[PDB]
Amino acid sequence: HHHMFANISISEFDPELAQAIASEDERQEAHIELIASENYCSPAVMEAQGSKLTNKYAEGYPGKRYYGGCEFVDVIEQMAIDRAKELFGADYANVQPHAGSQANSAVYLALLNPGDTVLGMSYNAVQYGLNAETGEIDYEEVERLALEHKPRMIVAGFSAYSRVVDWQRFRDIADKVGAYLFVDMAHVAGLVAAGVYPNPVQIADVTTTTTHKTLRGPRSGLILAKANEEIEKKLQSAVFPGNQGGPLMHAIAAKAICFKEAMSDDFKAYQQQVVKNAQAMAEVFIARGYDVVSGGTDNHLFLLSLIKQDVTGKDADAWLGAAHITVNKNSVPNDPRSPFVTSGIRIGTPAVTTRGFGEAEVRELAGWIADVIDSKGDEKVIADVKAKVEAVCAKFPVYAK
């Protein structure tokens with residue numbers, strides 16, 4: 001004899017782990033998290049990840065699997081695909097990528113060859129960048145580079161860009177040289193899904209995204225594309241068997257949940273407060289004598305510049321983290337400090353907006369941040385900001401007990 005499965009929780013079986021899980025959750029409850037790529041996903045999303053779908057091995061694609069018995073995981077994968085399509089108005093969707101990496105990689109695997117040329121931002125790679133003049137994209141510097149290098153793929157997609165990416169300008173630049181236009185909207189996808197930000201899905205030939213971050217789903221990857229018989233065939237094969245074995249059906253059910261969520265009016269209202277909270281904070285920092293790259297934001301993040309303050313990005317990271325405010329050091333256009341030191345921080349409001357922070361809460365939070373950095377990380381300043389932070393976090397819990 002050996003035991004059968006009962007209803008044995010992690011607490012009853014593994015108190016060492018259950019204590020560590022609990023410390024993390026309280027740390028998460030008692031910390032303001034302003035890392036632009038971070039969110040808290042719903043109890044329903046977590047329920048799908050916790051489902052018994054982890055027990056199905058479904059090697060392949062729906063209706064054309066390798067092993068049988070996939071009558072209902074076919075419906076679940078197809079539901080996620082169709083919801084993805086309806087959400088972003090795509091004609092193709094692959095919901096099997098385990099992560100954003102596995103989705104981006106499969107785009108390159110399906111569209112490029114040994115030593116092709118790619119034009120992207122900081123295989124034969126060529127860079128393009130931001131006119132520090134504008135703090136925005138130098139579309140003429142992208143223009144001339146494609147004509148001069150004739151890449152087979154221009155890549156558009158950014159992790160610290162606070163303005164609207166001109167997807168259409170990128171399209172005709174990639175049409176003049178015949179390149180592929182591949183867009184990674186991982187950071188703005190939630191904003192795109194609610195309609196608060198222009199949609200590259202119909203423009204580019206292939207668009208990928210994380211399902212977490214602004215999309216507020218599970219940690220996973222997704223691929224979309226405009227209709228294209230030959231391309232759709234490649235993306236299929238590059239995912240599986242090019243990069244992956246079987247999909248994680250429980251994360252695929254979690255994707256379907258989150259896509260349905262992102263279709264809601266409540267989700268549009270959430271993304272609209274996400275934007276107004278970021279705009280609010282940028283106004284406070286400007287009014288407090290700070291610089292914001294490109295002068296403000298149109299989305300959920302911005303870069304706070306620290307040059308005028310003579311503080312490094314690493315230093316400001318640590319001080320704020322010690323006050324239970326969480327950011328990351330980020331380099332600014334033409335940053336005169338090294339990439340491991342930087343002259344800025346990246347601040348995003350998706351997470352604080354999710355636990356119900358409004359404009360009044362984030363304007364104060366920005367004041368507390370400016371209090372810490374101005375003081376050059378003074379201990380008494382950090383002590384007071386920590387206590388203020390821990391109390392507003394208690395007043396705005398993420399998940400309801």
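Just a yes or no: is a residue in region 216-229 surrounded by 24 or more Cβ atoms within 10 Å (Cβ to Cβ), among the charged types (D, E, K, R) and more than 25 Å from residue 58 (Cβ to Cβ)?
yes
Answer yes if at least one residue in region 188-199 is of a type in the set (A, V, I, L, M, F, W, C) and over 30 Å from residue 265 (Cβ atoms), and no otherwise. Please lay out each step first, then the result.
Start the filter on region 188-199 by keeping residues that are of a type in the set (A, V, I, L, M, F, W, C), which leaves 188-189, 191-194, 196.
Applying the additional criterion that residues be over 30 Å from residue 265 (Cβ atoms) yields none.
No; the residues of region 188-199 include none that is of a type in the set (A, V, I, L, M, F, W, C) and over 30 Å from residue 265 (Cβ atoms).
Checking residue 249 against (1) touching a strand residue (DSSP E or B) at 6+ places or on another chain (Cβ under 9 Å); (2) closer than 19 Å to residue 96 by Cα; (3) buried (at least 24 other Cβ atoms within 10 Å of the Cβ), which single condition isn't satisfied?
Unmet condition: (1).
State whether one or more residues within region 109-118 are crowded, with 17+ Cβ neighbours inside 10 Å, within 19 Å of residue 228 (Cβ to Cβ) and polar (S, T, N, Q).
no
Just one of (1) farther than 18 Å from residue 252 by Cβ; (2) assigned by CATH to the domain that holds residue 186 trips up residue 73, so point out which.
Answer for residue 73: the failing condition is (1).
Among the residues in region 387-399, are any within 28 Å of residue 134 (Cβ to Cβ) and within 26 Å of the chain's Cα centre (by Cα)? It would help to see each step written out before you state the result.
Within region 387-399, the subset within 28 Å of residue 134 (Cβ to Cβ) is none.
No: zero hits.
Is one or more of the residues making up region 119-129 polar (S, T, N, Q), under 24 Å from the mean Cα position of the chain (by Cα), in the same structural domain as residue 225 (by CATH) and part of a loop (DSSP other than H, G, I, E, B)?
Quick first cut of region 119-129, residues polar (S, T, N, Q) only: 122, 124, 127.
Among the residues that remain, those that are also under 24 Å from the mean Cα position of the chain (by Cα) are: 122, 127.
Retained after the next criterion (residues that are in the same structural domain as residue 225 (by CATH)): 122, 127.
Now drop any that are not part of a loop (DSSP other than H, G, I, E, B), which leaves 122.
Taking every residue of region 119-129 in turn, at least one turns out to be polar (S, T, N, Q), under 24 Å from the mean Cα position of the chain (by Cα), in the same structural domain as residue 225 (by CATH) and part of a loop (DSSP other than H, G, I, E, B).
When residue 304 is evaluated against the numbered criteria (1) within 17 Å of residue 351 (Cβ to Cβ); (2) out of contact with any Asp or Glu (no Cβ under 8 Å at 6 or more places or on another chain), which criterion, by number, is the only one it fails?
(2)
Out of the residues in region 59-108 meeting the condition of being of a type in the set (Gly, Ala, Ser) and part of a loop (DSSP other than H, G, I, E, B), tell me which one is surrounded by the fewest Cβ atoms within 10 Å (Cβ to Cβ). Working first, answer last.
Our first condition is that a residue be of a type in the set (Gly, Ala, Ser); within region 59-108, this holds for 60, 63, 68-69, 80, 84, 89-90, 93, 99-101, 103, 105-106.
This time we only want the ones that are part of a loop (DSSP other than H, G, I, E, B), so: 63, 68-69, 89-90, 99.
On the way: 63: 9, 68: 6, 69: 10, 89: 11, 90: 20, 99: 15.
Step by step, filter region 59-108, then rank; the result is 68.
I'd like the residue in region 319-347 that is within 23 Å of the chain's Cα centre (by Cα) and in a helix (DSSP H, G or I) and, out of all such residues, is nearest to residue 288 (Cα to Cα).
320
Residue-by-condition table, conditions (1) in contact with an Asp or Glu (Cβ under 9 Å, 6 or more places away or on another chain); (2) within 21 Å of residue 258 (Cα to Cα):
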{"residue": "18", "(1), (2)": "yes, no"}
{"residue": "24", "(1), (2)": "no, no"}
{"residue": "38", "(1), (2)": "no, yes"}
{"residue": "44", "(1), (2)": "yes, yes"}
{"residue": "51", "(1), (2)": "no, yes"}
{"residue": "58", "(1), (2)": "yes, no"}
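Looking at 331, 338 in this structure, which one is loosely packed, with under 15 Cβ neighbours inside 10 Å and among the polar types (S, T, N, Q)?
On the way: 331 fails: loosely packed, with under 15 Cβ neighbours inside 10 Å.
None of the other options fit; the residue is 338.
Given the criterion part of a strand (DSSP E or B), of a type in the set (A, V, I, L, M, F, W, C) and surrounded by 15 or more Cβ atoms within 10 Å (Cβ to Cβ), identify the matching residue among 165, 155.
Values: 165 fails: part of a strand (DSSP E or B).
Exactly one residue qualifies, and that residue is 155.
Evaluate region 170-180: report whether one residue or more is in contact with a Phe, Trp or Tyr (Cβ under 6 Å, 6 or more places away or on another chain) and of a type in the set (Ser, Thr, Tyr).
Taking region 170-180 as the starting set, the residues that turn out to be in contact with a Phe, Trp or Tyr (Cβ under 6 Å, 6 or more places away or on another chain) are none.
No, region 170-180 contains no residue that is in contact with a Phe, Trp or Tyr (Cβ under 6 Å, 6 or more places away or on another chain) and of a type in the set (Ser, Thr, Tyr).
Of the residues 29, 12, 33, 47, which is among the acidic types (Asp, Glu) and exposed (fewer than 12 other Cβ atoms within 10 Å of the Cβ)? Walk me through it before giving the result.
Working: 29 fails: exposed (fewer than 12 other Cβ atoms within 10 Å of the Cβ); 33 fails: exposed (fewer than 12 other Cβ atoms within 10 Å of the Cβ); 47 fails: exposed (fewer than 12 other Cβ atoms within 10 Å of the Cβ).
On inspection, the qualifying residue turns out to be 12.
Specify which of the listed residues (100, 63) is among the small types (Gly, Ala, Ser) and out of contact with any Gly (no Cβ under 7 Å at 6 or more places or on another chain). Quick ask: steps written out before the conclusion?
Numbers: 100 fails: out of contact with any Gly (no Cβ under 7 Å at 6 or more places or on another chain).
Answer to the check: 63.
Out of contact with any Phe, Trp or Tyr (no Cβ under 6 Å at 6 or more places or on another chain), assigned by CATH to the domain that holds residue 371, surrounded by 24 or more Cβ atoms within 10 Å (Cβ to Cβ) and part of a helix (DSSP H, G or I): is that true of residue 239 in this structure? Give the derivation first.
Details: out of contact with any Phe, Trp or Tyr (no Cβ under 6 Å at 6 or more places or on another chain): yes; assigned by CATH to the domain that holds residue 371: no; surrounded by 24 or more Cβ atoms within 10 Å (Cβ to Cβ): yes; part of a helix (DSSP H, G or I): yes.
Spelling it out, it is not the case that residue 239 is out of contact with any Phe, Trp or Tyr (no Cβ under 6 Å at 6 or more places or on another chain), assigned by CATH to the domain that holds residue 371, surrounded by 24 or more Cβ atoms within 10 Å (Cβ to Cβ) and part of a helix (DSSP H, G or I).
Could you check region 289-314 and list, in sequence order, the residues that are within 25 Å of the chain's Cα centre (by Cα) and charged (D, E, K, R)?
291, 298, 314, listed by residue number.
Could you figure out which of (1) under 30 Å from residue 40 (Cα atoms); (2) in a helix (DSSP H, G or I) isn't true of residue 142?
(1)
Could you tell me whether any residue of region 37-45 is part of a helix (DSSP H, G or I), under 30 Å from residue 361 (Cα atoms) and among the aliphatic types (A, V, I, L, M)?
Yes, some residue in region 37-45 is part of a helix (DSSP H, G or I), under 30 Å from residue 361 (Cα atoms) and among the aliphatic types (A, V, I, L, M).
Under the condition of being part of a loop (DSSP other than H, G, I, E, B) and closer than 22 Å to residue 267 by Cβ, which residue from region 22-36 is nearest to the chain's Cα centre (by Cα)? Don't jump to the end; show me each part of the working.
Step one: filter region 22-36 for residues part of a loop (DSSP other than H, G, I, E, B), giving 30-31, 34-36.
Filter again for closer than 22 Å to residue 267 by Cβ, leaving 34-36.
Working: 34: 13, 35: 10, 36: 7 Å.
Filtering first and then ranking leaves 36.
Which of the following residues is under 11 Å from residue 160 (Cβ atoms), assigned by CATH to the domain that holds residue 386, surrounded by 18 or more Cβ atoms within 10 Å (Cβ to Cβ) and among the aromatic types (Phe, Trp, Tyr): 302, 285? Steps first, please.
Numbers: 285 fails: under 11 Å from residue 160 (Cβ atoms).
Criteria check complete, one pass: 302.
Basis: the model, the stated rules and, where named, an outside source; these are not laboratory values. Note: ideal-geometry Cβ built from the backbone for every residue, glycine included; neighbour counts use all protein chains shown.
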